[PDB]
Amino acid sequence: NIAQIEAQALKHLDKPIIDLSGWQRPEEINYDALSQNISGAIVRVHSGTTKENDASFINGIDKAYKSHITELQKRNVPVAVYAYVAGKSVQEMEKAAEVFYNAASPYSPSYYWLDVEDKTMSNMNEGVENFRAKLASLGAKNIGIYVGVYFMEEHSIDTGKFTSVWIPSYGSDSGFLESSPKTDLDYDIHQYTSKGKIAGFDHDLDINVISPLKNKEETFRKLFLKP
């Protein structure tokens, strides 16, 4: 039940939050082990490549998302989703948002995240908003933005209409927390390394933590326990 998931999450609150994509092969993940070593997970569903790869189809659909979502949800881990935002026009942005929503919504994800990291439209702020607005109109309520500080400032990426902000800052990228986002914007969650190692998986993992500037339990509830 819902109280059960919530109790497990309270119990595991100091375990890290991971994000995963098709680059992390489900067959290489011991989900039993991984689920007891994490508090939550954020799974890639879409990337916005004409060449073929192991992590997604040409239409942007991630090759592993059904596995990552189902295997973690069955183990009572709360799971949110993300899309790499890369439309070259409003039309592409709205298309990608629809593809993303339709693929992820069946799983009742705890949050939808826009992963914004390169300029694919002249006014990237407008394109990002196109994506966000479309997702909202399709029914997404929890819509957050992942964006680096320098990118956000360079392209005047407005985070105001999003319901949460997620920011990467790796320092040297050692696998450990070593530098926090260089902004006074009030973000909820910090991607601190791309080279984490967690029991249950042998290879590099993106690891995240709720910002120590927030109340940890309340912010975790916000991001993971309110779909």
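One rule holds for the numbers: they count along the sequence shown, beginning at 1.
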**Message:** Gap size between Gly48 and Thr49, counting deposited residues with no coordinates: none, 1 to 3, 4 to 9, or 10 or more?
**Reply:** 1 to 3
**Asked** Of the two stretches 114 to 122 and 145 to 153, which shows the higher Cα B-factor on average in the entry?
**Response** 114 to 122
**39 to 47 versus 52 to 60 - greater average Cα B-factor per the deposited record** = 52 to 60
**C-alpha B-factor winner, where the candidates are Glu178, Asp184, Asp158, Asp188** = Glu178
**Request:** Sorting the chain's modelled residues by C-alpha B-factor, tell me whether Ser164 ends up in the lowest, middle or highest third.
**Result:** lowest
**Message:** Where does the C-alpha B-factor of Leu213 rank in its chain, lowest, middle or highest third?
**Reply:** middle
**Fill in**
On the chain's distribution of Cα B-factors, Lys134 falls within the third called middle
**Fill in**
Chain-relative C-alpha B factor for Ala140 (record values, thirds): the middle
**Request:** Going by the recorded CA B-factors, say which third of the chain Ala9 sits in, lowest, middle or highest.
**Result:** highest
